[PDB]
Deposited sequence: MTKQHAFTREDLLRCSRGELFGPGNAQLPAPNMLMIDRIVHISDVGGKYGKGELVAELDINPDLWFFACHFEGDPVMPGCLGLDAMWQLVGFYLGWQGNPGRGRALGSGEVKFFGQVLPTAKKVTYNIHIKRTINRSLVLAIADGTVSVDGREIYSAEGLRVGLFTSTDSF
């Protein structure tokens, strides 16, 4: 709760289990990691008074997903921008000190109404925590490219599992 911003090296440390400890929430490592930095994280403020994350991914034409998606028509997969928002809600649960392994549980409405091209510079993620309740978080999120909102997600859900025995 004391650290309110994270560098890429902090996120890579998180991906090895060395930020929140083994058996606790982990970001993916490359090439599934869809965040370079967490600019802001808090458990107060945001749209619902329950905290907020702002994170960034730098874009350059050589990122792996442009060449295969699609050949002659490069565009960052919508599913990976959506996954960044699940990655951030999971990070929030870990950052609050909750134990267990993170899984996305789904979302209400997702809309893709724009695209990240290899000429873009920066994708920004805004997450508004709605409720924390296994331990799970519900959040709304946007994805923006160079100032332009392009995706929205309502009711993003991520849970932490300490025991899967009964499921």
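By the record, the deposited chain contains unmodelled runs at 1, 135 to 137, with no C-alpha atoms placed there.
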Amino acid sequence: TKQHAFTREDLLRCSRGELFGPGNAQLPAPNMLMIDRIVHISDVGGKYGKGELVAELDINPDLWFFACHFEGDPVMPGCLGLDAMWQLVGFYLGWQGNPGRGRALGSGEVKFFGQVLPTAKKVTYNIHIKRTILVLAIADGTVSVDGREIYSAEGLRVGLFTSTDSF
From here on, numbers count along this sequence of modelled residues.
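Taking the mean C-alpha B-factor of each stretch as recorded, 43 to 51 and 104 to 112 are not equal, and the higher mean is that of 43 to 51. The deposited CA B-factor of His128 belongs to the lowest third of values across its chain. Sorting the modelled residues of the chain by their CA temperature factor places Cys68 in the middle third.
Sort the chain's modelled residues by C-alpha temperature factor and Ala153 lands in the middle third, per the entry. In the PDB entry, a CA B factor belonging to the middle third of its chain's modelled residues is recorded for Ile59. Among all modelled residues in this chain, the alpha-carbon of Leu27 has a temperature factor (C-alpha) in the middle third.
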